[PDB]
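This document opens with one chain alone, in structure tokens, the form deposited in one PDB entry.
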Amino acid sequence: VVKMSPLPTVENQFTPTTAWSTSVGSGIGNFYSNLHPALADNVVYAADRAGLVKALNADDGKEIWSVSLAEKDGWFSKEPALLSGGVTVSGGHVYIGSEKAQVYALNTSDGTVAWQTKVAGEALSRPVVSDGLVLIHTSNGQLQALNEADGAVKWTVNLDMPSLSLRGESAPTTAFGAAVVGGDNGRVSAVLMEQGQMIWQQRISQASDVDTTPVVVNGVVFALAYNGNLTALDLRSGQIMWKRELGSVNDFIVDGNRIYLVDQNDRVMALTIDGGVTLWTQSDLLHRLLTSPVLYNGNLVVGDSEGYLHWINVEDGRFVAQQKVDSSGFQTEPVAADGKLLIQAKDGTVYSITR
């Protein structure tokens, strides 16, 4: 039976530290969630499941504003918002989706609610903003586009039915006028941003916690099937270029001519971008329950359920550094942007990390 690997013994090549940390409510606790922080213009925006949202100065982590989104929703005077998908920031708005099928847009200036919209299903995946439009993929197989200005639904597209409960985020992505979205039925779809016109669909499944969010790089769509297989598709046609039948893949990123991934057992691998030949596999974190990986200052970084960050050399998969950060553990994604590394612990605490 599976068991967590021991903490690796690492001779630190450098000594990473915590720049600052700041509480954000009660976080996500032991609930599954995709909720993570956003960074824009030297401000960190982060939230908890209950409904608290904070803006923090990115240099010291001090609160700039806060807002509680919990509202009355029945007999009792207050109920949690169940914030899930997000946080996303664009154009002076902070966007967050909820398990109660609400999407909120907050002003970056002061945290006040600009608009709130009832969407077709649970909004468990991050809002994605493109061309004055907030794309929401609901857990119900719906893709909806909301106007950035007033939150009205401009168009809705049916991807397949809601009868399954796949753990794993499924955000849309956009490329050159089109949205591309994965799913639970094993199909990837491309639709035009203009009015939701379907361009193509492709099946990548046949017949666990997989992020089915597609990644488009230089005219190629990279996508995980709900069972963890990695496939590359032609962006224009949806034609399958290759498929790599790994027993499973949970999370991946694409950089240069490589794909870096974390599988269902927490092995970390580098593959070639063209056909994903396996350059190296690092298995010393087996069953430690990793986050998605990010690249930061040229290293691959992942967090684990015990609250460590692990820094990995992309050339050979070796560890170059290890740091203990937060005892409540790490489950959502680390965020690497604007020269900073941010990550939110399960109890809600947000960290900025210094290489």
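Residues that one form lacks are left out of the comparison. Take the two forms, find the largest set of C-alpha atoms that superpose within 1.5 Å, and that set is the rigid core. Residue indices: 1-based, along the sequence shown.
The entry models residue 207 and residue 208 with a gap of 4 to 9 deposited residues left without coordinates. Across the two stretches, 59-67 and 36-44, the PDB entry reports the greater mean Cα temperature factor for 59-67. Looking at mean Cα B-factors across 3-11 and 346-354, the upper value is held by 3-11. Residue-level inspection of the entry shows that, of 237, 112, 282, 278, 237 has the top Cα B-factor. Note on 170, 272, 248, 102: the highest value goes to 248, judged by CA B factor as recorded. When all modelled residues of the chain are sorted by CA temperature factor, residue 303 is found within the lowest third. Ranked by Cα temperature factor within the chain, residue 93 sits in the lowest third according to the deposited record.
For residue 243, the recorded CA B-factor ranks within the highest third of the chain. Only modelled residues enter the ranking.
Per-chain ranking of the deposited C-alpha B factor places residue 86 in the lowest third.
Per the deposited record, the Cα B-factor of residue 255 falls in the middle third when ranked against the other modelled residues of its chain.
Below, we turn to the form deposited in another entry, even though it does not appear here.
Once the core is superposed between this form and the one not shown, every option in 109, 197, 156, 163 stays below 2 Å in C-alpha shift except 163. When two forms of a protein are overlaid on their rigid core, residues whose CA moves 2 Å or more are considered shifted, and residue 255 is not one of them between this form and the one not shown. A movement of the C-alpha atom of residue 118 falling short of 2 angstroms is seen between this form and the one not shown when the two forms are aligned on their rigid core. Look at residue 167 and residue 103: in that other deposited form their Cα atoms come 3 Å or more closer than in this form. Relative to this conformation, an increase of 3 Å or more in the Cα-Cα distance between residue 74 and residue 100 is found in that other deposited form. 1-5, 72-77, 162-167 are the runs of three or more consecutive shared residues whose C-alphas all shift by 2 Å or more between this form and the one not shown after the rigid core is superposed.
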